[PDB]
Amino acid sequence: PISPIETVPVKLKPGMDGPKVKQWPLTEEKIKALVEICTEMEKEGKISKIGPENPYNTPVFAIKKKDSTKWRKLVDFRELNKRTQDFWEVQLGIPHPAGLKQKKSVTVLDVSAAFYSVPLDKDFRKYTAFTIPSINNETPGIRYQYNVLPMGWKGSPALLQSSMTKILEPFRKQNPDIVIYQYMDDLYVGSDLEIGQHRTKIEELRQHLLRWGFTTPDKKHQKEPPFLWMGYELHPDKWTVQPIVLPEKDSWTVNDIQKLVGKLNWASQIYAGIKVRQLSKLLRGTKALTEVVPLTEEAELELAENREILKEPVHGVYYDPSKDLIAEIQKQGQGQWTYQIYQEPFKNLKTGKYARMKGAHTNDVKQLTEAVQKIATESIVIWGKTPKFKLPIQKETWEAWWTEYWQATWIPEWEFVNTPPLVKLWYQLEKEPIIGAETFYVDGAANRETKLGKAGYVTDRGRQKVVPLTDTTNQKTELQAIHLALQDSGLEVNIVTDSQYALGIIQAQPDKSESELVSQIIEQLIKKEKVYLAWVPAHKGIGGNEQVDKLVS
């Protein structure tokens, strides 16, 4: 039936009129399934016949349903969507089973044909005009418009959610101790009432939904565990994901690999240690989704590692508000991190991974800080609070970082846990120059038009060097000059540059870089014993800097 809820008024974008696009051909089965719904839709007042004063049109189709018998109708409203007003979407996120508490009695309900029970603004209906063609051209189409929310229209999901919220609110305030997770037309209902009173509350809720025109068929009224919910399986004491089947293929296309990485990311919420860095590397620099990509040896290894992880059974547990949340992070290599969130040891609420590279130049301490931030945000979304952290970094290391780094930084309450590899600073710059160490005055210059440059140095010990560089930049020659001084100095060096750029990168103590040149500098910094790094303004004739500046000229 159709709800007697009031319609929510909707407008076109200002200046625009409605769509006017002719219809295309569909199969015989599609016309019959569509006509059964179409004749039935008219019987139940979901649509009404129109004719030629209505100048708008849009084309229609259908698609198969996971309930294999049923067919799902869709009209191609891409044009009407473009001209329909913007909506502020109220679905802010996706509920997660790790955020559920243990409940004595659980029910899962679904509203049938939910869109088709919510009416559409009267003044807006004429823009939903369409036509049904039956075969190729035995006839042309007859014309209908929608009286209810159509599938495929930009506003339908939000007006369904708003309608569901309005209908549910009386029951919610009248039963504050009954959890209702409402996602689209899917209702999770938990409670601590014995099964007897629980089921009284359910039929009372169902009869409230039916007065407002939302029917709940028995076919989709789950009442026994395991409940199927949001792609998971809810047991009394634990939950699992529905089975994840990975592609297995002789020859892989870009599109195949994209599907695999998506599956693995989905699996990572409960399977610990999942990695996708080497599989995603294969997507880089490709040019077609149908292009065949051979797996590298590293990608085979990583795939095999993941496949071993996925053959093991796993489960999450539910949330106990009376205990702390704990987050533990491990390092996996090449900027990859994995984490578990738990309340009692070896009983994970969920897992996940962090593996983004932010910036051209970074270090493990920054990325660990980022993983912490991602986890903190995720915990707020699911549980409404942040967890306590267990991190593989020593307090000495962190304290060395936030006193020598110039940006404000922080990590909340955390306990060191010794699970190598530990997060480390891979070198430190001396705060004072080093007695007895050689002093290198470095500089490099490039010609912007020419693209040719030189890098070189002079020293307090009388050493000099000039190197010609081709196809470079200004900033590269300065980086190159520092490369040379690190290359030819001993284990202890003092260096003076006039590149704020180069000083800026290196003073942040990076340990990885998208640039092969900066990576070379990093390996050399890690091999040194002590390095002091000093800046001076250029072209002011400063002793040392001026001599080399001239030498590079």
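In case it trips you up, residue 1 is the first one in the sequence shown, and so on.
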Quiz item: As stated in the PDB record, which stretch has the larger average Cα B-factor, 379 to 387 or 417 to 425?
Solution: 417 to 425
Exercise. Decide which of the stretches 404 to 412 and 137 to 145 has the higher mean C-alpha B-factor, going by the entry.
Key: 137 to 145
Quiz item: Which listed residue, 256, 89, 443, 370, has the largest C-alpha temperature factor in the record?
Solution: 443
Quiz item: Which one, 121, 177, 320, 308, has the peak C-alpha temperature factor per the PDB entry?
Solution: 177
Exercise. Within this chain's modelled residues, let me know which third the CA B factor of residue 95 belongs to: lowest, middle or highest.
Key: lowest
Self-check item: Third assignment of residue 106 from its chain's C-alpha B-factors
Solution: middle
Quiz item: In terms of the CA temperature factor given in the entry, to which third of its chain does residue 435 belong: lowest, middle or highest?
Solution: highest
Quiz prompt | Record-listed C-alpha B factor of residue 492: chain third | solution = middle
Quiz item: Where does residue 527 sit by CA temperature factor within its chain: lowest, middle or highest third?
Solution: middle
